[PDB]
Structures are given as C-alpha cells and as structure tokens.
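Counting from 1, the numbers follow the sequence of the chain as shown. Just the heavy atoms: all of them, side chains too, but no hydrogens, waters or symmetry mates, feed the values below.
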Amino acid sequence: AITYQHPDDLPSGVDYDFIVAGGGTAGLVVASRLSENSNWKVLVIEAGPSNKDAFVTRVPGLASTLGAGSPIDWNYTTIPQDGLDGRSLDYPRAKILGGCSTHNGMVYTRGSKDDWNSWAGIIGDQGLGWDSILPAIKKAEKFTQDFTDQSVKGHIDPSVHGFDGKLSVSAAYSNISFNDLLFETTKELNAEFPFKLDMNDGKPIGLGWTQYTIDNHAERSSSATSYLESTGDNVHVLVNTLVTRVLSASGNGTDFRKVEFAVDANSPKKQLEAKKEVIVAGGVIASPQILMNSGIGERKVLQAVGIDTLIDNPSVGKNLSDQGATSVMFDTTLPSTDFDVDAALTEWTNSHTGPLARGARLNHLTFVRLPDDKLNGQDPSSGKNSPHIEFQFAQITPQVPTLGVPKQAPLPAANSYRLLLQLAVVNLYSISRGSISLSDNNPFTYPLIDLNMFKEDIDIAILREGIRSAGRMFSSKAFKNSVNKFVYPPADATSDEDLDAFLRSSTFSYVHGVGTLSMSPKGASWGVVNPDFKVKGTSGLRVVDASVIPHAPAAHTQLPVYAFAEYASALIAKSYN
Ligand SMILES: *Cc1cc2c(cc1C)N[C@]1(O)C(=O)NC(=O)N=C1N2C[C@H](O)[C@H](O)[C@H](O)COP(=O)(O)OP(=O)(O)OC[C@H]1O[C@@H](n2cnc3c(N)ncnc32)[C@H](O)[C@@H]1O
Ligand SMILES: *[C@@H]1O[C@H](CO)[C@@H](O[C@@H]2O[C@H](CO)[C@@H](O)[C@H](O)[C@H]2NC(C)=O)[C@H](O)[C@H]1NC(C)=O
Ligand SMILES: *[C@@H]1O[C@H](CO)[C@@H](O)[C@H](O)[C@H]1NC(C)=O
C-alpha cells in the first residue's frame with residue numbers, strides 16, 4: 001500500500017472501486033483482501049496516523065501503556081452509568097492505522113463453538129457456524145515460534161492452528177513459579193479449573209496458556225502489519241482524515257457509494273465516489289456515528305440534532321454488547337513481575353528479548369463455567385461449552401496499580417499485603433445492552449456512549465460469583481501461604497451486598513464491544529445489516545467490523561472481528577466474480 005498523510009497528497013484521476021472508512025482491525029482485512037484483485041483500486045480513510053514509526057505500538061509489553069489517556073487513544077468516555085454509582089467509564093479505543101489491533105493486549109481467543117453457532121443461528125448463515133468457520137480461521141492464522149524459539153509443547157494444540165496465514169500468533173512465556181502453582185491447582189480443583197491445552201479448540205473452559213498476536217520477531221502483529229504491509233500499490237491509505245458521512249451517489253437515492261471526509265472541523269469537506277461500494281469499518285463506536293450523521297438511524301434521535309432521516313432504522317447504535325470486568329487483588333508472597341521498564345525497553349530494542357517481548361506479565365487465562373445454581377437468572381452464555389467468567393491474570397507487584405482500578409475505587413490497605421496478585425475477573429456474557437447516540441450533528445463531536453452497566457441483576461451477580469470463584473482458585477492447596485487473602489475487595493467484604501458495593505466502584509469496561517449495527521436476517525424486524533454485510537435499505541454500502549457481530553463472545557474480540565472481516569471479504573469479492 002501507499003500511505004498519504006493528507007488528502008491533497010492523493011493522486012489525481014484515480015477512481016476507487018472500494019472505499020473503506022476506518023483503517024482498523026476489520027478495515028485493513030477488507031482493504032487488503034479486496035486488493036488481491038490487481039484490477040481493483042482501494043482507498044482506506046483512517047482518522048489516526050500511520051502505525052509506521054508508532055514505536056511504542058510495536059513493543060508487546062508496552063501495550064498496557066496505550067489505553068485511556070494515551071497519545072493514540074480516542075479518549076471516549078461514557079455517559080454517567082447509573083448502575084455504577086453514576087461513574088463515567090473510559091472506553092479506550094485506538095485512533096491509528098490498524099485500530100484496536102495496534103493498541104490491544106494481543107490476546108488471541110476465538111470464543112467457544114457455541115458463540116459461533118449462536119451467531120450462525122441468529123444471522124441464519126451456517127457459514128459462520130463453528131464447523132464452517134474454523135477452517136477459515138486456521139487459514140487466516142500464522143502460528144509461529146516466538147523469537148527465542150521457546151518450546152510451546154503442552155501449551156497449545158498445533159492441531160487447531162494454521163501456520164501459513166496472515167495474522168501471527170505466538171505463545172512466549174516467562175518461567176515463574178506461578179505457572180506451576182496454577183497447573184497444580186488444576187489437579188486439585190479439576191472440576192472447576194481443569195487444565196485446557198488449547199482454549200482455541202472451541203471449548204475454552206479451564207486454565208490455558210495465553211496466545212498472542214505477536215510475531216516471530218517479538219513485535220506486535222496488527223492488521224496493519226499482517227494484512228496491509230504486503231499489499232501492492234492498488235491500496236491507497238489516507239491517514240489523519242475523518243470520514244464524516246456516507247452520501248447517496250444519485251442524490252435522492254439510498255445508493256451510499258459516496259464518502260465525505262475532512263482533516264478537522266475547520267477544514268473543507270471533500271468527497272469521493274466508490275465505483276462499487278463503501279465499506280464502513282469504524283468499529284463499534286464510530287460506525288453507528290457515521291451512519292447516524294449520514295441520515296441512517298432512529299428518526300427522532302436524528303431529528304432532535306438537526307439531521308434529515310434518509311433511512312429510519314431504530315436499531316442503529318443499539319444493542320451494544322460488551323463485558324463488565326473488575327480487578328481483584330490478593331496478598332501474595334510470590335516474586336513480583338515488575339522490572340525496570342526503561343532497562344527492559346533497551347533490552348527489547350537491543351535484542352528483542354526480555355519481558356517486553358511478551359504479551360503479558362503473567363502467562364495464562366482461566367475460563368470458568370458457573371453451575372446453574374450460581375446463576376441468578378437465566379443462563380446468559382451461548383451454551384454448555386461456554387464460560388461465564390474469565391480470569392486474566394495481570395501481574396504481581398508490591399505497588400498498588402492504577403491500571404484496572406477506577407478513579408475513586410478504594411485501595412487495599414498498605415499493611416494488608418506484601419505483594420499484590422492482580423487479575424481481572426470478566427463477566428463475558430453481560431446481558432445489559434448499551435447504545436451509541438449523538439450529542440449533535442458534528443462528526444467531530446464524540447458520540448454518547450452508554451454501556452447500560454448492571455441494568456440487569458444477573459450481570460453484577462455473575463461478577464460476584466466470579467470473584468468467589470477466584471477465591472476458590474487461590475485457596476487451593478498449591479497456593480497455600482503463597483497467595484493469601486483478598487485485599488481488593490477487602491477480605492471482610494463477603495456478602496452479596498458488600499461485593500455489590502465494591503463492584504459498583506470497581507467495575508470497568510473490557511472494551512470488547514460488538515452489536516451496534518447488528519447483523520440480522522434479511523426481513524428481520526430489527527438490526528442494521530443483512531448477512532451479506534449490506535446496510536438494510538441501501539445499495540453500495542456495507543459495514544464490516546465489530547458493530548455487526550450480534551453479541552459479545554466468551555472471548556476477547558479481535559479474532560472474531562478478523563474472522564468476520566475475512567468472511568465479508570470473501571463474499572464481497574465473490575459478488576463481483
Ligand atoms: C483498545 C483495546 C482493545 C482490546 C484490548 C485492549 C485495548 C485497550 N485487548 C483485547 O482484549 C486483546 O487483548 N485481544 C482482543 O482480542 N481484543 C482486545 N481488544 C478489543 C479488540 O482490539 C477490538 O474489539 C477489535 O480490534 C475491534 O476492531 P474493529 O471493529 O475493526 O474496530 P477498530 O480496530 O477500532 O477500527 C476502527 C478504525 O476506525 C477508525 N475511525 C473511527 N472513526 C473514523 C472515521 N469517522 N473516519 C475514519 N476513521 C475512523 C479508527 O481510528 C480505527 O482505526
Ligand atoms: C436488539 O437485538 C434483539 C435481538 O437479539 C432484537 O430483539 C427482537 O426485537 C424484534 C422487534 O421488536 C422482535 O420481533 C424479536 O422477537 C426480538 N428478538 C429477540 C431474539 O429478542 C431487538 O429488536 C434489538 N433492538 C434494537 C433496538 O435493535
Ligand atoms: C487523548 O489524550 C491524550 C492525553 O492527554 C492526548 O495525548 C491525545 O492526543 C488524546 N487523543 C485525542 C484524539 O485527542
């Protein structure tokens with residue numbers, strides 16, 4: 001691809017077959033795949049800068065520095081969340097080529113087979129069901145040895161991995177005692193915490209070694225590095241440029257093959273017309289905003305901010321499915337995972353080794369299925385193979401963290417711990433659906449984000465049980481004297497009431513949002529896109545990104561986005577023969 005820093009740098013007289021709005025995770029898959037046809041020309045318009053020389057984004061262990069408040073973040077926050085003591089939550093999202101694949105924690109999780117089968121059923125397309133989609137996921141994957149060629153025997157099952165694809169996946173790990181204490185806990189508490197060889201086999205329940213989108217040179221593998229980099233000159237990428245609206249090519253029709261864009265709110269709007277289609281790939285937050293600012297949305301909402309409704313679809317921006325999470329911290333006497341970061345960065349720079357080479361400071365995920373009697377409501381999961389709860393072990397540190405700790409969350413008593421074991425406990429199937437709406441009709445104004453956190457009681461109840469589950473893991477015989485009492489929440493906070501009060505102050509968003517432009521069958525009474533990814537009621541316009549995925553999986557969402565984007569790419573290309 002050729003990257004252009006400003007619209008005036010674009011070459012004159014070029015007509016593009018496809019224009020992709022959002023050079024993110026999905027957007028770069030689509031642009032890169034469609035460009036495989038040498039006769040097609042593809043323009044990507046991306047709000048952020050190029051990922052090139054975005055140095056910190058290359059370093060896997062610096063990922064934790066890239067969320068809310070970072071130089072590359074959108075700095076989205078939510079409306080006050082009345083289920084969380086009125087708190088406004090951050091909603092970290094990357095503003096940069098590759099989108100969230102450039103800034104995320106690199107976790108590679110496919111979700112359970114039930115998730116894919118659930119989506120397949122809702123959408124009415126069995127091509128998205130597990131048996132049908134798994135081969136495509138493998139084809140898209142390039143699992144690799146890490147830079148140091150560490151043995152991952154017994155850490156993954158090569159059976160479920162592709163080795164020849166686009167997106168690099170690896171599983172480098174530190175050699176720490178915690179690893180063995182976790183494994184021995186699986187023998188003690190095997191009913192709740194069995195060992196899981198490969199959580200990407202469709203059945204993720206258990207304790208698994210984490211897999212990451214990290215290449216063979218200990219650099220982040222993003223959609224820019226995996227897909228865009230190898231493309232030819234028929235891909236043009238315009239960065240630092242906001243798509244403001246999509247527009248009718250005919251002017252009174254719903255053939256939304258035109259895009260409008262501008263470099264800032266005080267600059268000239270420019271327009272281009274795609275010969276075939278505009279593919280909106282702005283992600284779960286931005287794609288609904290682009291569509292609403294284009295007149296595609298809930299008429300009353302649009303009217304109230306001065307936008308003429310061209311397509312009245314009240315599902316636009318609705319059904320935001322994400323995951324609520326809290327940190328939990330235990331007193332521990334285990335060795336810290338901390339290190340001198342400057343020193344480690346010099347090491348990564350000089351040798352591509354050291355802790356910054358790895359995707360996290362601990363090496364495992366746990367996926368826990370709660371029994372029916374610890375579900376205070378109907379089971380919200382996709383099926384029997386699906387976990388309700390994730391543990392994402394973060395670090396061991398004598399310093400109380402700010403990451404994963406909301407601003408006014410009470411901190412553990414200094415004297416209550418030696419070191420802290422921090423992990424996130426995530427309610428993977430948080431049923432309370434949120435929304436994206438407009439404050440005004442200016443595309444440069446951020447949209448209103450509601451996560452509707454804890455509207456449904458099952459969501460906080462599941463998280464409470466997730467905390468209790470963590471308590472059981474670190475109560476194992478293996479862990480005795482190594483990992484001791486809870487300190488966040490306090491050890492004395494044991495009741496439903498007391499954990500709920502803790503959760504209102506401690507819960508934040510896991511930012512695995514999907515669903516705001518939901519895919520539904522053609523003729524369904526709700527949703528925004530048909531199974532062909534086309535916006536209902538339009539021509540020349542598709543949405544391909546997390547917004548179409550009907551509900552969040554039991555997983556981190558990058559892989560599902562890549563796999564939807566690959567699925568869309570294939571069918572778009574096919575439609576033009
Ligand atoms: C931000 C974030 C995401 C995630 C994690 C951590 C952080 C802080 N960690 C993860 O859990 C991880 O470890 N593993 C994962 O599987 N998932 C993680 N994760 C979420 C994941 O990255 C995310 O769901 C997925 O990447 C979403 O992809 P997609 O739907 O394609 O959205 P983006 O990648 O955000 O791309 C949108 C793209 O669009 C640009 N943009 C937005 N609005 C405009 C306009 N109007 N015009 C032009 N461009 C626009 C964005 O800047 C972006 O590049
Ligand atoms: C959010 O998604 C749900 C589907 O999961 C939609 O629920 C459907 O709503 C229609 C229209 O009222 C009903 O006919 C269906 O029976 C519902 N299906 C299910 C599974 O509940 C819902 O309409 C979506 N909401 C919005 C605003 O888009
Ligand atoms: C997000 O805030 C950070 C910290 O102030 C800043 O560096 C960055 O430019 C902000 N993002 C945007 C889109 O302005």
Side-chain angles (χ1 to χ4, degrees), residues 61-70 84-90 92 105 174 176-179 181-182 185 324-344 355-356 360-364 366 390-426 460 463-464 466-476 478-510:
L62 290 182
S64 62
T65 74
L66 294 179
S70 97
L84 304 176
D85 299 334
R87 297 163 44 222
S88 167
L89 271 55
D90 302 314
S174 61
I176 58 181
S177 57
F178 194 63
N179 298 337
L181 298 175
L182 291 172
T185 295
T326 185
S327 290
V328 165
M329 302 176 209
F330 294 92
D331 167 53
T332 181
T333 53
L334 288 171
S336 176
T337 53
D338 293 340
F339 48 88
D340 177 335
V341 172
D342 287 0
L356 297 177
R361 297 192 187 187
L362 292 169
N363 312 122
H364 298 76
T366 310
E390 177 181 339
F391 306 159
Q392 184 169 22
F393 310 113
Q395 63 182 332
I396 298 168
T397 176
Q399 173 59 54
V400 59
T402 53
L403 290 168
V405 180
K407 294 177 197 86
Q408 305 297 337
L411 297 183
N415 290 287
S416 72
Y417 57 94
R418 280 70 59 90
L419 297 95
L420 296 157
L421 169 59
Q422 179 185 29
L423 58 144
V425 170
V426 186
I460 199 167
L463 259 189
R464 297 194 299 260
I467 294 167
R468 295 171 167 147
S469 178
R472 295 189 286 271
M473 169 175 269
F474 293 105
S475 281
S476 75
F479 277 117
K480 287 325 78 223
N481 303 325
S482 293
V483 176
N484 313 303
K485 305 174 168 205
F486 284 100
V487 305
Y488 178 106
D492 59 30
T494 57
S495 79
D496 291 355
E497 184 184 18
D498 288 337
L499 291 170
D500 285 0
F502 163 79
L503 288 168
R504 291 189 193 94
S505 70
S506 74
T507 294
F508 56 93
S509 180
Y510 237 47

Verify side-chain contact (heavy atoms from CB on, under 4.5 Å) between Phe508 and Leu84, making sure each step is shown before the conclusion. CA-CA 9 Å; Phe508 56 93; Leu84 304 176; over 6 Å; no

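Looking only at side-chain heavy atoms (C-beta outward), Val400 and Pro412 come within less than 4.5 Å of each other. Inter-residue side-chain proximity for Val341 and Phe339 is flagged as met; some heavy-atom pair is nearer than 4.5 Å. Side-chain atoms of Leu420 and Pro401, non-hydrogen and from C-beta on, do get closer than 4.5 Å to each other. Looking at heavy atoms from C-beta onward, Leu356 lies in side-chain contact with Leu62 at the 4.5 angstrom threshold.
Contact record, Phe393 with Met473: CZ-SD, 3.8 Å, taken as the closest heavy-atom pair. Scanning both residues, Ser327 and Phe502, for their nearest heavy atoms gives O-CZ, 3.7 Å. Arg504 and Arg87 get closest at one heavy-atom pair: O-NH1, 2.9 Å. Considering every non-hydrogen atom in both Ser469 and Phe391, the closest pair reads OG-CZ, 3.5 Å. Summarising the geometry of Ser495 relative to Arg468, their closest heavy-atom pair is C-NH2, 3.8 Å, with the distance given to 0.1 Å. The shortest non-hydrogen separation linking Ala409 to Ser505 is CB-O, 3.6 Å.
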With a cut-off of 3.5 Å and sequence neighbours excluded, list every side-chain donor-acceptor pair involving residues 478-492.
residue	atom	partner	partner atom	Å
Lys480	NZ	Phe474	O	2.6
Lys480	NZ	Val483	O	2.7
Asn484	ND2	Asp331	OD2	3.3

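Applying the salt bridge (charged side-chain N to carboxylate O under 4.0 Å, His left out) definition to pairs two or more places apart or across chains, none involves residues 390-405.
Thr333 contributes atom OG1, which lies 11.0 Å from atom CG of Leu421 (distance to the nearest 0.5 angstrom). Within the model, atoms CG of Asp85 and CD of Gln408 stand 10.5 Å from one another, a figure rounded to the nearest 0.5 Å. Note that CG of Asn363 is 9.0 Å distant from CZ of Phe178, once rounded to the nearest 0.5 Å. Rounding to the nearest 0.5 angstrom, the gap separating the CG atom in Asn179 from the OG atom in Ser174 is 5.5 Å. Within the model, atoms OG1 of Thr507 and CD1 of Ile460 stand 6.5 Å from one another, a figure rounded to the nearest 0.5 Å. Here the CG-CZ distance, from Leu503 to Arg464, works out to 8.0 Å after rounding to the nearest 0.5 Å.
Scored by the side-chain contact (heavy atoms from CB on, under 4.5 Å) test, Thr337 finds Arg361, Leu362, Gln395, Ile396 as partners (sequence neighbours excluded).
One N or O on the side chain of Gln422 and one on the backbone of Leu403 form a donor-acceptor pair closer than 3.5 Å.
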